[PDB]
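Trainee: missing the sequence, but the structure's below:
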């Protein structure tokens, strides 16, 4: 909400009928969520053999991508992209979602 | 909400994968409220005197108005108005607001509720009232039509009524949908029909009297071929163009502003008062109650 | 979000009831016995040599409905025919599958027979059937109430200075002494009438309905319900079926 | 503020053999009190 | 910023969420209730007459 | 077939507050001073 514009000439008479005046409603701002997804497809064939050059490949890779999603989240939030959705003007009369 | 009508003859093979089904969402209904009002105005002089058969002219006139507002209520809830309102497609108002009619004032039109007829499976409108010359639609899942225009082909054009067989056709539609209606509200001018089940062209449960000193000629209870026992009730404030098949539990009175005391300005020997209350109407399902209109015969 | 909590358990319940609704409709629909096997019970050689090899490319199966298990006397495709009378019992002279003649109620309306219904009870009595129930769609129950007192004339159903109205018939007594009991069925077709007995029909269950969560492979959260059952009839001539035909 | 609908979680998927697949997903958004509460300044020219 | 407070000029309108859903789809199933259940172990069953 | 885009009774997640940046400083008035009077017209001399 925002207060009304300064009325620098709101001079009335000593005694007169008070007028209704003017008001302003609120302004609603809506946003939508985003889906961030990271998956892994490391096999187990090479995981069954005991190798000297590697300890694990599943939990280590999860942590790698477990950090990337955060390193990507920030890159997305600070981006200059535009909100993408097809549910406009469906909040106050949202009794039923967009049939189309 | 209602289940799906994809019953058909679903037949599946033994060694297949689960294929995506057919899912359908719910359906949201919405009704607006209406403002009732009753004003009172009595000069201070008349209110100061002592009438010869009552107290003050203010309270007496207020009580008379406090009762008229209830009568007006019973007549509106049972009317067939089409919920006159200016808004449209703004109930799920979550993505933005409605500034189309925001730069207005009391000049706004008068809001009206959705009466018994408008909330049922009405087939059309007549500007501000439901159209009785159109047969209502059918439910998606079932095939019931809770809004049927009486044929009256059995009875001649001389007497109008609605019908004698069309009463049993609605019970079929209600049972077809699954409604639990057990009350038949009717206008007193049409009670002669439910009691006067005769004039069926010499058949269909006509009449007899065993030369007894008691003459009743009344019908209060009814049972349909399916077993649905109905009880007929009369309402003086009901219109004389339709019959209602409903249940008490399937209706509710939505009250927003209850009637309260309102002392207004005087402006000189006026002593003005006012009564006001905002109320709405609800219906659990448009297909949970029947509306049998009235039409001529052949 | 607000107001809309979940749609998974709610949909499961909806589907849990729909599967049962279909069963009551399929058994009374009148479909035909569908299968890829045939005459594989007396060769005493093997289950089937020519059907083996196909894992899931087979076609769906269908259970013999109320009409198929009776003396239908012909098929009109995937569903039993509602026009050709059933074959006459060789032993007796009974015909349990008939078609309404529609003597009265001129062709202006379809007009299910409303008369000559005692013939079917005769066909049943002639076949030794112990039928005691008449399952019918509610769309034709009025025809049984009018059987009480219409008789296109003067039969004079009486009031006797009473306010209660009934106009409902749920029991009938055949001229041969067979007392039947009328029952309404919302899922029955509007062009058939089933004279039968409960004990003469059994529900063959192989896989009772059970919920089973499937693989996710993403955010699908897939679920399913499955049940495998059949229908049995002791003797075709132990029950009857009366269709409706105007002209 | 950071509006979150689905918090981070390591989900396991089907096993169609030796695949051994896994998943990490989350659903969030972004909220700002007033558009004129923060400022943006673009720096760019022709090329 | 309404000067004359009314219902159509309010940026709010906190909707009234009913706590129920209406359903009429019946599941009488009179036939299935009177038939009786018999468990089998084969996709095909046979009887003699 | 149920998906988030098909829901109807969505209980909105509305914020329980309102933001407004309209300043209310009024520096001048906070330095002038006030002197009560009992007339609609005042005068002084120079």
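Mentor: Thanks, I have the structure now. Numbering: from 1, shown residues only, chains lettered A, B, ... in the order given.
Trainee: what number of residues lie near residue A:57?
Mentor: Counted with other Cβ atoms under 10 Å in any protein chain shown, the burial measure for residue A:57 works out to 16 neighbours. The way it works is simple: take the backbone N, C-alpha and C, and place the C-beta from them, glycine included.
Trainee: Let me see the contact set for the closest residue to it other than its chain neighbours.
Mentor: In space, and not counting its chain neighbours, residue A:57 is closest to residue A:42: 5.0 Å by Cβ to Cβ, 6 or more residues apart in numbering or on different chains. Contact analysis of residue A:42 by Cβ atoms under 8 Å, 6 or more residues apart in numbering or on different chains lists A:57-58, A:61, D:20.
Trainee: what does residue E:22 give?
Mentor: In this structure, residue E:22 makes contact with B:1, B:284-285, B:288, judged by Cβ under 8 Å, 6+ apart.
Trainee: how about a cut-off of 7 Å?
Mentor: Going by Cβ atoms under 7 Å, 6 or more residues apart in numbering or on different chains, residue E:22 touches B:1, B:284-285.
Trainee: any idea which of those residues is the one closest to residue E:39?
Mentor: Proximity to residue E:39 was ranked across those by Cβ to Cβ; first place goes to residue B:1, at 34.6 Å.
Trainee: name the element that closest one belongs to?
Mentor: Counting by DSSP states H and E, residue B:1 is held by no secondary-structure element, helix or strand.
Trainee: If we ignore the residues flanking it in sequence, what's nearest the closest residue to chain A within chain E?
Mentor: Closest contact between chain E and chain A, by Cβ to the nearest Cβ, is at residue E:1 (0.9 Å). On the basis of Cβ to Cβ, 6+ apart, the spatially nearest residue to residue E:1 that is not a chain neighbour turns out to be residue A:24, at 0.9 Å.
Trainee: what's the most distant pair in the contacts of residue A:42?
Mentor: Checking the contacts of residue A:42 with Cβ to Cβ, the most distant pair is A:61 and D:20, at 10.8 Å.
Trainee: From residue B:216, how far out is the spatially most central residue of chain E?
Mentor: Central residue of chain E (Cα atoms, centre = their mean): residue E:23, 4.8 Å from the mean position. Computed as Cβ to Cβ, to the nearest Å, the residue E:23 to residue B:216 distance reads 41 Å.
Trainee: what's the burial count for residue A:90?
Mentor: A count of nearby residues for residue A:90, using other Cβ under 10 Å, gives 21.
Trainee: swap that for residue E:29, please
Mentor: Neighbourhood size, residue E:29 [other Cβ under 10 Å]: 19.
Trainee: which residues sit in contact with it?
Mentor: Shown here is residue E:29, whose contacts under the criterion Cβ under 7 Å, 6+ apart are C:20, C:24.
Trainee: go on, residue E:1?
Mentor: Contacts for residue E:1 were tallied using Cβ under 7 Å, 6+ apart; they are A:4, A:23-25.
Trainee: Narrow the residues you listed to those that are buried.
Mentor: Among the contacts of residue E:1, those that count as buried by neighbour count (16 or more other Cβ atoms under 10 Å in any protein chain shown) are A:24-25.
Trainee: Just the closest of the contacts of residue E:1 to chain F, please.
Mentor: In terms of Cβ to the nearest Cβ, no member of the contacts of residue E:1 lies closer to chain F than residue A:4, at 9.0 Å.
Trainee: List the residues that contact that closest one.
Mentor: Under the criterion of Cβ under 7 Å, 6+ apart, the contact partners of residue A:4 comprise A:22, A:24, E:1.
Trainee: Just send those residues back as a markdown table, with distance to residue E:43 too.
Mentor: Shown next, in a markdown table, are these (distance: Cβ to Cβ, whole Å):
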| residue | distance to residue E:43 |
| --- | --- |
| A:22 | 79 |
| A:24 | 73 |
| E:1 | 73 |
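Trainee: If you drop the residues flanking it in sequence, what lies closest to residue E:37?
Mentor: Leaving aside its chain neighbours, residue E:37 sits nearest to residue C:203 (4.8 Å; criterion: Cβ to Cβ, 6+ apart).
Trainee: any idea how far that neighbour is from residue C:211?
Mentor: 20 Å.
Trainee: ok, and does the one helix or strand residue E:31 maps to reach over to chain C?
Mentor: Residue E:31 is part of helix E:30-35 when elements are defined by DSSP H and E. Yes: against chain C, helix E:30-35 shows contacts by Cβ under 7 Å from any Cβ of the partner chain at E:30-32, E:34-35.
Trainee: Noted, bye for now.
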